[PDB]
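Okay, structure first, notes after.
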Amino acid sequence: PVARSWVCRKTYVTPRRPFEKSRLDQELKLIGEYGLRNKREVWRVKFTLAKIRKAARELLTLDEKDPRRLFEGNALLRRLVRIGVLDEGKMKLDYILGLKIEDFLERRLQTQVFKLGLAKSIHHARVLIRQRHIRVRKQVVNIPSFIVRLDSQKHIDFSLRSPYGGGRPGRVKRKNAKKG
Amino acid sequence: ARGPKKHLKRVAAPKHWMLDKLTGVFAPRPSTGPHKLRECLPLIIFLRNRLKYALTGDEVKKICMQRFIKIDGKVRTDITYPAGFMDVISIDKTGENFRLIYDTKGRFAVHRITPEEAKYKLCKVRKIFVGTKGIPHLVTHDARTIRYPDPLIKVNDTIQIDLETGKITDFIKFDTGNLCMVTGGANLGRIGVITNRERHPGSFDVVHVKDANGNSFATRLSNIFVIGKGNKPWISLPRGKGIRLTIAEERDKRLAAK
Amino acid sequence: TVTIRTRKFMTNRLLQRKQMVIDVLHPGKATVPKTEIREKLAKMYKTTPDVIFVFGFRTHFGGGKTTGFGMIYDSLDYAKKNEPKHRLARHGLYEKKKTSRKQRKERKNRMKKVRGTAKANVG
Amino acid sequence: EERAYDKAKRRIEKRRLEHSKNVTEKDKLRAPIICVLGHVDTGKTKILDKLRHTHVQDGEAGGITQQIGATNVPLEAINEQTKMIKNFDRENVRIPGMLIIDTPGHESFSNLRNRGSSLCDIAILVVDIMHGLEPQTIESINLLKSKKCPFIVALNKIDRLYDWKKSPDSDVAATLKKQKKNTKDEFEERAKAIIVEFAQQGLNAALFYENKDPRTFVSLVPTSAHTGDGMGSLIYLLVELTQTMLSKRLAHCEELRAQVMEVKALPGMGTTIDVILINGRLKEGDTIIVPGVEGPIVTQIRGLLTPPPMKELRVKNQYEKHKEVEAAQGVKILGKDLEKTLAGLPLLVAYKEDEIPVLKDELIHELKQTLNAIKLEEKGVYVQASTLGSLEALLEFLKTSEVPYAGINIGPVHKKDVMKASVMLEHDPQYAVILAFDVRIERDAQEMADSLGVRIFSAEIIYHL
RNA sequence: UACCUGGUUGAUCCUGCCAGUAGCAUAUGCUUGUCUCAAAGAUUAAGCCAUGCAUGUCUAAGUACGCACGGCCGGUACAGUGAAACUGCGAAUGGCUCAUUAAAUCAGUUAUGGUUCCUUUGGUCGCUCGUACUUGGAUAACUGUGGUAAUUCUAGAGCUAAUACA
RNA sequence: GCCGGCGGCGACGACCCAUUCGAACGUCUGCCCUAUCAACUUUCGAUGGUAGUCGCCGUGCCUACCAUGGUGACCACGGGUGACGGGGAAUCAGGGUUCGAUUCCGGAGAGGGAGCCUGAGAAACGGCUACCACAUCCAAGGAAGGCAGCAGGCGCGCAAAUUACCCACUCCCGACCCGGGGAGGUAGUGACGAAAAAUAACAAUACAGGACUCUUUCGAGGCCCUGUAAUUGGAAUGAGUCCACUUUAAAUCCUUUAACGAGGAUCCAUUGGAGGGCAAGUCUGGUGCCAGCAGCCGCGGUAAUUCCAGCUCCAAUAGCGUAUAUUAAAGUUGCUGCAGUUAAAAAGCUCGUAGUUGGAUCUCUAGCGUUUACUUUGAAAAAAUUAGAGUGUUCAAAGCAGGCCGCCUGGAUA
Ligand SMILES: Nc1nc2c(ncn2[C@@H]2O[C@H](COP(=O)(O)OP(=O)(O)NP(=O)(O)O)[C@@H](O)[C@H]2O)c(=O)[nH]1
């Protein structure tokens with residue numbers, strides 16, 4: 001006996017057919033558009049979407065007056081409005097089925113850092129985040145797969161320490177300044 | 001196995017203590033006493049986890065061994081002593097008195113009482129017997145055997161005992177239209193009024209209880225405790241008035257407060 | 001440039017303690033040592049830094065904040081009595097004997113094999 | 001990589017230069033490694049039991065011995081036997097202390113194929129009057145002359161005349177001078193014969209107290225086997241000879257001269273190595289590079305075991321655990337994967353200086369005449385022995401008798417060994433045999449051997465095998 | 001994601017399996033920068049074990065004439081810390097492993113109105129009509145003489161305690 | 001202390017009743033394969049009856065005397081199990097199949113059997129006594145054994161870590177706040193497996209580069225893209241080295257932060273493929289049905305799209321091959337849902353017991369109404385797990401925390 005938990009979960013599902021043109025293209029488009037590292041990151045978002053869709057599908061089968069369906073449905077919709085893949089108008093359980101991978105990949109910190117014009121390329125954003133230049137609220141995050149909340153969007157600023165923002169020259173600038 | 005068990009694994013402890021998984025392998029293991037192991041509360045949990053006074057296990061025995069804590073007006077230094085339903089824990093150092101009442105969601109809540117109310121306690125009579133030259137006897141849910149009871153006290157009635165003495169001040173009969181509380185099963189901690197009982201000979205008697213908010217539920221006779229005469233309680237209630245309000249308005253209340 | 005805040009306080013008359021959650025704001029420099037936290041807290045609560053005990057400081061990711069546990073005793077006597085020995089030994093009020101578990105458990109199992117006053121002689 | 005290798009070689013050079021320029025002189029010398037050789041049943045051992053005062057000598061299951069071991073006598077014993085006759089220098093500070101190593105002597109396996117792991121600082125040659133000189137004694141003094149080390153010669157069977165007045169624990173000069181004249185004349189005649197028998201073999205020997213000038217002269221010390229007359233005179237001459245001659249060579253410096261001496265398979269310990277720890281403060285939980293049969297092995301020390309003082313590596317004694325240990329003793333070491341190792345090679349102890357290699361082709365030159373000559377490629381007989389020394393002895397016998405050998409192993413016989421003897425049976429029915437010397441046969445191995453067509457030759461005395 | 005694709009023929013449509021495809025576990029190969037979490041002598045042999053350790057314990061409150069310590073006060077039975085030993089309790093929990101075991105084990109449900117129960121927590125404890133202001137004997141510890149190659153082996157001799165034994 | 005007696009506060013005890021922790025015997029319903037196991041049990045207890053004995057009690061538990069019963073094709077009895085049983089795990093449309101020695105619950109045993117002392121509790125093995133198998137010491141008279149506790153070793157095999165440090169945490173035991181604990185905690189070994197995530201980004205140059213505007217074409221640009229440039233440029237930085245902390249029983253790791261640290265940023269990404277299945281070369285050397293590749297079909301016999309190599313390209317990526325048990329694919333075990341004229345398959349034929357299935361019809365007086373199956377509701381049902389509410393672990397797998405300037409919370413629910 002030991003005081004440790006063994007609650008570990010797989011976050012991606014591999015495709016049934018390993019080599020298939022039309023599919024490989026579609027995944028590489030997603031990588032190319034949102035500068036993802038490998039196809040695991042696309043399968044991760046497919047798996048999460050699939051689980052949300054399966055939850056919506058298994059909720060639909062219950063009657064419209066059931067307390068459980070009402071409570072669970074509202075909670076799911078609230079969370080998907082909170083994360084920012086829907087709006088208050090389209091907040092019906094039926095519309096959960098009308099989402100896709102694009103909607104979820106748009107909410108990556110990498111994507112938002114590129115879309116707000118902090119970085120000048122989708123590839124630059126991932127590096128900039130990973131190099132500890134970017135911060136949300138007063139918290140320095142270096143996770144490209146940080147899924148940004150709707151209300152947390154309006155402040156992604158450069159971390160104050162950073163050379164780009166804070167105002168402290170790095171190794172290259174220091175070395176060039178000493179030999180200048 | 002051979003002889004009685006002495007340990008208790010952490011995950012095997014009863015859920016209403018809310019011990020987390022990672023802190024250790026073992027648990028408190030309430031020692032033998034008036035209340036059952038499954039339905040009691042160790043002082044180590046009450047002090048450390050609920051009142052947030054002690055951090056580690058040593059600080060709890062450092063509190064208790066200095067003899068600052070009484071249970072029902074009697075000093076207990078045993079940190080794993082079982083204090084259960086209606087038991088009054090008294091801290092005369094800081095002048096704080098608590099009665100152990102179950103809350104709505106079915107666990108012992110940190111419900112403070114005035115020092116004037118920490119004088120008596122209500123108790124459900126388990127049996128009634130007589131022996132040795134006929135001095136009749138009574139036995140209650142917290143194992144307090146009392147001699148010469150009032151002959152109007154029958155089985156499943158409630159009695160109010162002054163803690164300084166060991167004598168019955170007043171008693172409540174178990175009849176229709178009396179305020180009761182559930183102490184076992186799905187409906188644990190719900191307060192309501194008796195509507196009727198359905199006697200099943202050679203089996204458990206089932207009672208029907210109507211809540212203050214028009215909610216009607218059933219329960220076994222063994223898991224009933226009369227707390228009030230008519231509708232008026234003889235003790236203070238927890239934060240909520242024992243009203244089981246559902247997840248819908250739980251969310252509405254939580255979001256309304258925000 | 002360090003700012004000390006306290007989060008959840010409590011006046012624990014039962015152990016003659018004032019126990020609290022210490023929040024340290026240090027943006028530029030490294031994690032502040034315990035002695036500076038002690039004296040700044042002692043200055044904040046107008047007490048001797050001798051009767052202050054702090055531990056469990058976990059500096060947040062990014063390095064703007066550090067959260068830890070603090071406690072101040074009513075007098076050094078109650079501190080000497082109630083506080084565990086490991087937190088005295090850091091202040092230098094308690095000394096540990098330089099013997100290993102192997103050594104004492106070895107000498108125990110040797111001491112078993114003789115009866116009478118000769119148990120003390122075997123050393 | 002190569003820059004780490006370069007600085008690793010240069011810091012090795014720094015360390016050995018520091019360990020050369022350290023060089024402590026002015027007394028506090030090292031304990032000499034006293035070697036003892038003989039013929040067959042002369043009395044090379046049991047004299048050691050008489051020195052250390054051990055009751056168990058005959059417990060060998062035979063008159064002959066088949067291993068190397070160091071008795072480890074320490075000063076209290078030297079002082080105790082010294083105070084008996086009391087010659088010179090009461091409580092001498094200048095004495096390191098004695099370390100005697102026993103060697104097995106025999107015609108077959110040519111006196112342990114020796115190669116006596118050299119390191120014979122003071123070699124004791126039993127001459128044993130009764131029988132005169134012997135062919136193993138002449139080949140042993142040839143070996144002692146091959147690598148020039150100082151050695152002395154002791155007589156054993158002087159009391160075995162029938163007429164010797166057995167006055168134990170007294171002076172040889174006195175005890176000889178207290179006999180009749182005709183016996184002294186017989187002893188001086190056979191002494192003259194021995195002196196001439198050494199003189200002809202490129203030596204200059206004499207009777208241990210004339211001149212002496214041990215620079216060129218060699219000391220004929222008369223000793224009694226059973227009674228123990230001369231044992232005092234022995235240890236006196238040993239400490240005198242080591243004090244006079246080995247004044248500079250036996251310095252307590254800080255190089256790393258640990259030598260792999262014996263390999264043993266002990267129950268519940270794995271495969272243990274007996275090492276004569278001469279120079280180098282090697283630590284428990286510190287890496288060593290043991291020179292192996294199939295390349296070198298990186299070994300992590302689990303701990304240091306030593307037998308009690310005045311006790312041999314003969315019978316399983318209560319081996320005391322020691323965490324660390326100074327450089328003057330013979331100790332048993334155990335770790336992980338000490339399966340295939342070579343005997344009579346130096347042992348390198350390594351700290352964390354990122355793996356210090358390549359010292360093996362510089363050792364393995366013309367000492368290749370060992371176990372390495374294994375023909376797994378071809379057919380052969382299977383061989384097992386208690387210790388490695390015995391395994392070499394069996395293989396060089398098979399080499400002399402012209403029989404190929406396929407597999408070799410150390411420790412007791414198992415069902416895999418009889419299965420290797422079985423997988424041979426298909427090729428050549430005669431060759432499918434196991435030669436097991438002084439090892440425990442297992443029931444499962446024996447019953448599997450009897451169920452198949454595989455014979456096992458079990459014997460404690462090598463003559464029988 | 002309720003999925004199929006190659007292979008009998010000169011070609012066709014089938015039955016039909018072999019092969020491919022993905023997941024999960026044990027092994028193993030080659031490769032291996034950072035960080036968190038984390039299984040691990042089960043399968044074959046519930047086969048066999050050197051060595052070290054894993055169950056001990058004293059409060060103001062059962063027994064203190066060990067100077068092992070110094071301390072009063074010196075006519076104060078016993079100032080105190082306290083080794084040792086007698087006494088009390090624990091060692092039947094914990095840990096390990098899966099040989100056994102097929103209405104057996106075990107799971108859900110009921111019964112003891114057919115039984116025991118250290119401990120805790122209450123009740124009870126001059127309800128009995130017949131030297132007491134404290135009764136008796138020993139044995140450890142300690143001292144002293146020993147035996148055996150040998151073990152946590154123990155015999156004989158001289159004192160002395162009780163919440164031990166009466 | 002009160003006027004020689006009378007007393008308050010505890011601690012050890014104590015016959016017995018109640019209680020708590022249990023334990024032990026039972027009640028009903030539920031288990032894998034086997035008919036090349038069809039009748040079994042009852043001499044020596046099998047099923048029941050009366051009386052006792054024994055036991056903590058109920059009872060063929062055992063003895064005495066009687067009765068001749070008890071179970072069984074609704075599968076008894078016997079044999080097998082690479083069988084400890086559950087909570088659960090993998091896979092998965094719906095149905096299912098397979099695994100569950102292994103951290104929680106219950107059972108069992110300390111090499112194999114048997115017998116017992118002490119105690120409330122043991123048929124105890126880190127208690128004893130004997131035998132059986134192994135084996136240690138020995139002065140040969142006798143003595144002492146039990147790792148399927150933690151390390152470690154041997155063996156076995158395809159298959160598995162350190163003779164480490166500490167009672168600080170979680171708890172347990174004792175006369176006990178004070179002692180002890182290989183329970184347990186913390187390191188070491190660790191590509192069993194799971195989560196996050198490096199191996200570069202931007203700017204400036206030329207393209208017999210691309211698109212957008214002008215000219216019918218040639219040929220014209222700070223509108224937007226581009227690489228197989230070892231072309232040009234400073235900006236950013238973690239890997240390592242190493243102060244100081246913080247963390248911790250003491251350390252380590254992480255987080256924090258001085259100093260150093262990027263131009264083949266030589267601070268170098270591998271493992272498998274490139275005929276089809278199946279994504280990728282009829283490119284060039286070599287070999288010549290030899291060597292080898294190839295899960296399957298097939299490729300090799302002098303122009304090899306498949307072998308051994310070079311170059312190039314594809315796949316997944318700090319991972320990817322290979323073998324083997326198992327699941328989906330398998331509507332190729334078919335209840336949902338398969339076949340049986342010829343592809344494998346309906347007994348040669350009829351009777352017949354068990355088995356399964358079976359035609360219309362009938363609109364309440366504290367006890368009942370003819371009793372079930374069916375269906376809906378209620379109480380009872382251990383956590384962990386699974387689904388799932390809440391909560392920025394810096395995100396996530398997780399965790400059960402946390403949030404506001406002493407406070408307001410949560411630890412749901414199915
Ligand atoms: N009196 C006497 N006894 C002797 C003499 N040599 C041997 N012995 C005795 O003979 C017996 C056997 O001799 P041993 O010492 O074993 O001979 P070894 O040459 O040492 N044998 P090993 O080959 O084992 O080393 C012993 O009891 C030993 O004391 C001798 O010269 N004189």
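Labels used: A, B, ... for chains in the order of the structure tokens, numbers from 1 for residues in each chain, and numbers from 1 for ligands as shown.
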>> Show me which residues line ligand 1, defined as having an atom within 7 Å of a ligand atom where only C-alpha atoms (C1' of nucleotides) and all ligand atoms count, and present them as a ChimeraX atom specification.
In response: /D:38-47,58,63-65,104-105,128,156-160,224-226
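Counting only C-alpha atoms (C1' of nucleotides), every residue of chain B that comes within 10 Å of chain E is listed here: residues 1, 2, 3, 4, 5, 6, 7, 31, 32, 33, 34, 35, 81, 82, 133, 137, 138, 139, 140, 142, 143, 144, 145, 146, 147, 166 and 203 of chain B.
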>> Should the cut-off be 10 Å, what would the residue list for chain A against chain C look like, counting only C-alpha atoms, as a PyMOL selection string?
In response: chain A and resi 132+135+138-142+159-161
Output N, CA and C atoms for every residue in that selection, as a PDB file, in the first residue's frame.
ATOM      1  N   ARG A 132       8.993  32.544 -22.982  1.00  0.00           N
ATOM      2  CA  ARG A 132       8.507  33.220 -21.745  1.00  0.00           C
ATOM      3  C   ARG A 132       8.424  34.736 -21.982  1.00  0.00           C
ATOM      4  N   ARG A 135       2.408  36.786 -21.514  1.00  0.00           N
ATOM      5  CA  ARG A 135       1.718  36.565 -20.213  1.00  0.00           C
ATOM      6  C   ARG A 135       0.250  36.988 -20.323  1.00  0.00           C
ATOM      7  N   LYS A 138      -1.701  38.512 -14.925  1.00  0.00           N
ATOM      8  CA  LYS A 138      -0.366  38.777 -14.324  1.00  0.00           C
ATOM      9  C   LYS A 138       0.414  37.460 -14.236  1.00  0.00           C
ATOM     10  N   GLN A 139       0.107  36.495 -15.117  1.00  0.00           N
ATOM     11  CA  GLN A 139       0.663  35.112 -15.087  1.00  0.00           C
ATOM     12  C   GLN A 139       1.443  34.855 -16.384  1.00  0.00           C
ATOM     13  N   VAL A 140       2.746  34.576 -16.273  1.00  0.00           N
ATOM     14  CA  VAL A 140       3.643  34.264 -17.428  1.00  0.00           C
ATOM     15  C   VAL A 140       3.435  32.793 -17.801  1.00  0.00           C
ATOM     16  N   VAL A 141       2.769  32.532 -18.932  1.00  0.00           N
ATOM     17  CA  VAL A 141       2.488  31.161 -19.462  1.00  0.00           C
ATOM     18  C   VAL A 141       3.423  30.902 -20.650  1.00  0.00           C
ATOM     19  N   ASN A 142       3.946  29.676 -20.769  1.00  0.00           N
ATOM     20  CA  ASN A 142       4.767  29.226 -21.929  1.00  0.00           C
ATOM     21  C   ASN A 142       4.200  27.898 -22.451  1.00  0.00           C
ATOM     22  N   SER A 159       5.294  39.803 -21.059  1.00  0.00           N
ATOM     23  CA  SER A 159       5.657  39.642 -19.677  1.00  0.00           C
ATOM     24  C   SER A 159       6.624  40.718 -19.402  1.00  0.00           C
ATOM     25  N   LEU A 160       6.499  41.341 -18.264  1.00  0.00           N
ATOM     26  CA  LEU A 160       7.325  42.493 -17.988  1.00  0.00           C
ATOM     27  C   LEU A 160       8.790  42.266 -17.984  1.00  0.00           C
ATOM     28  N   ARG A 161       9.246  41.122 -17.538  1.00  0.00           N
ATOM     29  CA  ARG A 161      10.658  40.913 -17.561  1.00  0.00           C
ATOM     30  C   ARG A 161      11.212  40.956 -18.968  1.00  0.00           C
TER      31      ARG A 161
END
>> Among chain C, which residues does DSSP mark as strand (DSSP E) when it is run on the backbone? Keep the chain and numbering as in the structure and answer as a PyMOL selection string.
In response: chain C and resi 3-6+10-12+17-25+52-59+65-73
Restricting the output to C-alpha atoms, write the selected residues as a compact mmCIF listing (two decimals), in the first residue's frame.
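Saved as part.txt:
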# COMPACT_ATOMS: atom_id res chain seq x y z
CA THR C 3 6.05 43.34 -0.03
CA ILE C 4 4.66 40.96 2.70
CA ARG C 5 0.90 40.23 2.95
CA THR C 6 -0.85 37.73 5.14
CA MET C 10 -6.12 32.92 13.18
CA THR C 11 -5.52 33.63 16.95
CA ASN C 12 -5.05 29.99 18.18
CA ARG C 17 -0.29 30.90 18.54
CA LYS C 18 -1.06 33.52 15.86
CA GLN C 19 -0.94 31.37 12.64
CA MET C 20 -1.18 32.89 9.09
CA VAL C 21 -0.49 32.35 5.31
CA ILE C 22 2.48 34.57 4.15
CA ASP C 23 2.34 36.13 0.60
CA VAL C 24 5.75 37.58 -0.55
CA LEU C 25 5.90 39.91 -3.66
CA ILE C 52 8.51 33.98 14.62
CA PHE C 53 8.47 30.63 12.66
CA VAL C 54 7.92 30.45 8.82
CA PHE C 55 8.10 27.47 6.34
CA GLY C 56 6.72 25.81 3.15
CA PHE C 57 7.44 28.74 0.74
CA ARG C 58 6.52 27.72 -2.88
CA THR C 59 7.53 30.48 -5.41
CA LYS C 65 4.90 35.78 -5.84
CA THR C 66 5.89 33.25 -3.09
CA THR C 67 3.19 31.66 -0.78
CA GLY C 68 4.21 30.05 2.57
CA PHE C 69 3.00 29.30 6.16
CA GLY C 70 3.92 31.54 9.17
CA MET C 71 3.20 31.48 12.95
CA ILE C 72 4.13 33.87 15.85
CA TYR C 73 4.00 32.59 19.52
Considering only C-alpha atoms, give me a table of residues in chain B that are at most 12 Å from chain C, with the closest atom pair and distance in Å for each, as JSON lines.
{"residue": "B:47", "atom": "CA", "partner": "C:14", "partner_atom": "CA", "distance": 10.5}
{"residue": "B:51", "atom": "CA", "partner": "C:12", "partner_atom": "CA", "distance": 10.6}
{"residue": "B:52", "atom": "CA", "partner": "C:10", "partner_atom": "CA", "distance": 9.2}
{"residue": "B:53", "atom": "CA", "partner": "C:12", "partner_atom": "CA", "distance": 6.6}
{"residue": "B:54", "atom": "CA", "partner": "C:15", "partner_atom": "CA", "distance": 8.6}
{"residue": "B:55", "atom": "CA", "partner": "C:19", "partner_atom": "CA", "distance": 10.1}
{"residue": "B:56", "atom": "CA", "partner": "C:84", "partner_atom": "CA", "distance": 10.1}
{"residue": "B:57", "atom": "CA", "partner": "C:84", "partner_atom": "CA", "distance": 11.4}
{"residue": "B:58", "atom": "CA", "partner": "C:84", "partner_atom": "CA", "distance": 8.5}
{"residue": "B:59", "atom": "CA", "partner": "C:82", "partner_atom": "CA", "distance": 7.6}
{"residue": "B:60", "atom": "CA", "partner": "C:15", "partner_atom": "CA", "distance": 9.6}
{"residue": "B:61", "atom": "CA", "partner": "C:82", "partner_atom": "CA", "distance": 10.8}
{"residue": "B:62", "atom": "CA", "partner": "C:82", "partner_atom": "CA", "distance": 7.2}
{"residue": "B:63", "atom": "CA", "partner": "C:14", "partner_atom": "CA", "distance": 6.1}
{"residue": "B:64", "atom": "CA", "partner": "C:14", "partner_atom": "CA", "distance": 9.2}
{"residue": "B:65", "atom": "CA", "partner": "C:14", "partner_atom": "CA", "distance": 11.1}
{"residue": "B:66", "atom": "CA", "partner": "C:14", "partner_atom": "CA", "distance": 8.9}
{"residue": "B:67", "atom": "CA", "partner": "C:14", "partner_atom": "CA", "distance": 10.0}
{"residue": "B:68", "atom": "CA", "partner": "C:14", "partner_atom": "CA", "distance": 7.3}
{"residue": "B:69", "atom": "CA", "partner": "C:14", "partner_atom": "CA", "distance": 9.5}
{"residue": "B:91", "atom": "CA", "partner": "C:14", "partner_atom": "CA", "distance": 8.7}
{"residue": "B:92", "atom": "CA", "partner": "C:14", "partner_atom": "CA", "distance": 9.8}
{"residue": "B:93", "atom": "CA", "partner": "C:14", "partner_atom": "CA", "distance": 6.8}
{"residue": "B:94", "atom": "CA", "partner": "C:13", "partner_atom": "CA", "distance": 6.6}
{"residue": "B:95", "atom": "CA", "partner": "C:13", "partner_atom": "CA", "distance": 10.5}
{"residue": "B:96", "atom": "CA", "partner": "C:14", "partner_atom": "CA", "distance": 11.4}
>> So that I can check the secondary structure, give me every residue of stretch 5-129 of chain B assigned alpha helix (DSSP H) by backbone DSSP, as a list in words.
In response: residues 43, 44, 45, 57, 58, 59, 60, 61, 62, 63 and 64 of chain B
>> Report as a VMD selection string all protein, DNA and RNA residues lying within 7 Å of residue A:113, evaluated on only C-alpha atoms (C1' of nucleotides), omitting residues in the same chain fewer than 5 positions from it.
In response: chain A and resid 118 to 119 125
Take the residues from that selection and put them in a file with C-alpha atoms, as a PDB file, in the first residue's frame.
ATOM      1  CA  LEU A 118       2.001  40.597 -30.814  1.00  0.00           C
ATOM      2  CA  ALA A 119       3.803  38.125 -33.178  1.00  0.00           C
ATOM      3  CA  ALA A 125       3.963  33.212 -31.795  1.00  0.00           C
TER       4      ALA A 125
END
>> Residues of chain B within 12 Å of chain A, counting only C-alpha atoms, what are they? List them as number ranges by chain.
In response: B: 9-11, 20-27, 246-252
> Can you list, as a PyMOL selection string, every protein, DNA or RNA residue that comes within 10 Å of residue F:72 when you count only C-alpha atoms (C1' of nucleotides), leaving out same-chain residues fewer than 2 positions away?
Replying inline: chain F and resi 38-40+75-77
Selected residues written out, N, CA, C and O atoms (P, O5', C5', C4', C3', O3' and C1' of nucleotides), as a PDB file, in the first residue's frame:
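Okay, this is what ended up in selection-v1.pdb:
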ATOM      1  P     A F  38     -20.626 -42.500 -18.303  1.00  0.00           P
ATOM      2  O5'   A F  38     -21.844 -42.089 -17.362  1.00  0.00           O
ATOM      3  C5'   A F  38     -21.888 -42.525 -15.990  1.00  0.00           C
ATOM      4  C4'   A F  38     -23.307 -42.792 -15.541  1.00  0.00           C
ATOM      5  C3'   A F  38     -24.233 -43.503 -16.534  1.00  0.00           C
ATOM      6  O3'   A F  38     -25.068 -44.437 -15.854  1.00  0.00           O
ATOM      7  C1'   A F  38     -25.243 -41.513 -15.817  1.00  0.00           C
ATOM      8  P     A F  39     -24.654 -45.984 -15.739  1.00  0.00           P
ATOM      9  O5'   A F  39     -24.820 -46.299 -14.184  1.00  0.00           O
ATOM     10  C5'   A F  39     -25.920 -45.777 -13.411  1.00  0.00           C
ATOM     11  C4'   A F  39     -25.512 -44.489 -12.736  1.00  0.00           C
ATOM     12  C3'   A F  39     -25.098 -44.578 -11.271  1.00  0.00           C
ATOM     13  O3'   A F  39     -23.754 -45.027 -11.120  1.00  0.00           O
ATOM     14  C1'   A F  39     -26.547 -42.737 -11.576  1.00  0.00           C
ATOM     15  P     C F  40     -23.250 -45.627  -9.716  1.00  0.00           P
ATOM     16  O5'   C F  40     -23.325 -44.376  -8.732  1.00  0.00           O
ATOM     17  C5'   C F  40     -22.195 -43.504  -8.537  1.00  0.00           C
ATOM     18  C4'   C F  40     -22.560 -42.357  -7.624  1.00  0.00           C
ATOM     19  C3'   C F  40     -22.541 -42.657  -6.135  1.00  0.00           C
ATOM     20  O3'   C F  40     -21.209 -42.619  -5.626  1.00  0.00           O
ATOM     21  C1'   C F  40     -24.454 -41.355  -6.693  1.00  0.00           C
ATOM     22  P     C F  75     -29.447 -28.195 -14.323  1.00  0.00           P
ATOM     23  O5'   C F  75     -28.669 -29.231 -13.392  1.00  0.00           O
ATOM     24  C5'   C F  75     -29.103 -30.598 -13.231  1.00  0.00           C
ATOM     25  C4'   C F  75     -27.948 -31.573 -13.328  1.00  0.00           C
ATOM     26  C3'   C F  75     -26.541 -30.993 -13.449  1.00  0.00           C
ATOM     27  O3'   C F  75     -25.620 -31.889 -12.833  1.00  0.00           O
ATOM     28  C1'   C F  75     -27.016 -32.257 -15.375  1.00  0.00           C
ATOM     29  P     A F  76     -24.359 -31.355 -11.982  1.00  0.00           P
ATOM     30  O5'   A F  76     -24.556 -32.062 -10.567  1.00  0.00           O
ATOM     31  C5'   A F  76     -25.675 -31.743  -9.713  1.00  0.00           C
ATOM     32  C4'   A F  76     -26.102 -32.956  -8.916  1.00  0.00           C
ATOM     33  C3'   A F  76     -24.979 -33.761  -8.267  1.00  0.00           C
ATOM     34  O3'   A F  76     -24.604 -33.244  -6.995  1.00  0.00           O
ATOM     35  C1'   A F  76     -26.425 -35.226  -9.437  1.00  0.00           C
ATOM     36  P     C F  77     -23.066 -32.926  -6.674  1.00  0.00           P
ATOM     37  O5'   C F  77     -22.354 -34.347  -6.811  1.00  0.00           O
ATOM     38  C5'   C F  77     -22.736 -35.475  -5.997  1.00  0.00           C
ATOM     39  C4'   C F  77     -22.058 -36.748  -6.463  1.00  0.00           C
ATOM     40  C3'   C F  77     -20.592 -36.654  -6.867  1.00  0.00           C
ATOM     41  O3'   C F  77     -19.715 -36.772  -5.752  1.00  0.00           O
ATOM     42  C1'   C F  77     -21.783 -37.818  -8.538  1.00  0.00           C
TER      43        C F  77
END
> Do you have the atom CA of residue D:241-atom CA of residue D:172 distance handy?
Replying inline: 18.2 Å
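The interatomic distance for the pair atom CA of residue D:333 and atom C1' of residue E:40 works out to 28.5 Å.
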>> Need the shell around stretch 33-49 of chain A: protein/DNA/RNA residues with any atom at most 8 Å away, counting only C-alpha atoms (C1' of nucleotides). Skip same-chain ones fewer than 3 positions apart. Format as a list in words?
In response: residues 11, 12, 13, 14, 27, 28, 29, 30, 52, 53, 100, 101, 104, 105, 110, 111, 122, 123 and 126 of chain A; 317 of chain F
